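Below sits a lone chain in structure tokens, taken as the form deposited in one PDB entry.
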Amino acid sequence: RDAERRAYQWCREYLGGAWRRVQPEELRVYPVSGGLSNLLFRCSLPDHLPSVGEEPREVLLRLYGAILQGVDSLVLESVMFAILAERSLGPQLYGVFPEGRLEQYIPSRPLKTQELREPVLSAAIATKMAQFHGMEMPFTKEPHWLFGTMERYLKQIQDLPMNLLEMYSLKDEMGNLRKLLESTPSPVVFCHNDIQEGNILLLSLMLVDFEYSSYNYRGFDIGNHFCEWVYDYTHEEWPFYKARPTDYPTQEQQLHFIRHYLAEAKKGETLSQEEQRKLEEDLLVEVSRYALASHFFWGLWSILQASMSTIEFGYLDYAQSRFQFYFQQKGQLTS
């Protein structure tokens, strides 16, 4: 009832016209699926209550989880939302505050896990991602994000009140991953870092929820998306996700994506079929290595979330899954 009241007060404070009239009992505040970091509520005026002008009838209230409440995250996620709103690349911004946001509600659905593998959607996702990778954003251009964030998470985990750090020798393995990636060139671009089905709205596509975004290796954004082909978070029973490791894209599926990615990335350039096939081959290898970083990143994240999050989800189980999959794919690279 106090998340209910807080929602009312935020709407009344930031929104105009009829929202200043609506009574606590009138206001419809429904929890909606917001993912595994933040809370999301759909707030809507009574059906009967007339508008004064062009105020929205419905908005989304998004509240940051603890893992996204750091001052650096707050600045980035607040400015990125505002910028994309101004550029019509995201939902309009009605209220912005340290705790969260009031956003435009866009009639849409998110994609489903199995839809990521359809060749037309997959091409569209690769094109959209290349578009974002071409953008200049006012954040550090140095790729500190990946290992900087993992080292932070590792330290926070160790300082918290089954021991996955010991079982999987994560401190040592992070050094091994660092070394592997040092030997794998990957261009630094503005990355979303979380391009899963729930962040891709079918309107035709809008990519949303840039909370994890930063300049990072191109291979991470691609590899990470590919990892997401495996994980379905709509599963109704604990741990509330289902993994299907065989759903990871085949070499054919990866190539299809990579071809449409590079079509947008290298738009206008004229490249021989030799050059083109080399770009494709090189990016396939780049991606197979940076995919490992997706597993490791989100594994560490999920361990920390088991203690920081209030969302009902099998965080430790999910972490186990990611680290198991990390080692599997590392085993497959060696062969």
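One rule holds for the numbers: they count along the sequence shown, beginning at 1. Rigid core: the largest C-alpha set superposing within 1.5 Å between the two forms.
Not pictured, yet referred to below: the form deposited in another entry.
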Q: Superpose on the rigid core and name the single residue from 291, 300, 283, 45 whose Cα moves by 2 angstroms or more between this form and the one not shown.
A: 45
Q | Is_shifted residue 223 between this form and the one not shown (CA, 2 Å cut-off, rigid core) | A | no
Q) Does the C-alpha of residue 74 move 2 Å or more between this form and the one not shown once the rigid core is lined up? A) yes
Q) Does residue 119 move its CA by 2 angstroms or more between this form and the one not shown when the core is aligned? A) no
Q. What happens to the Cα distance from residue 99 to residue 211 in the other entry: does it get closer or farther than here, with a change of 3 angstroms or more?
A. farther
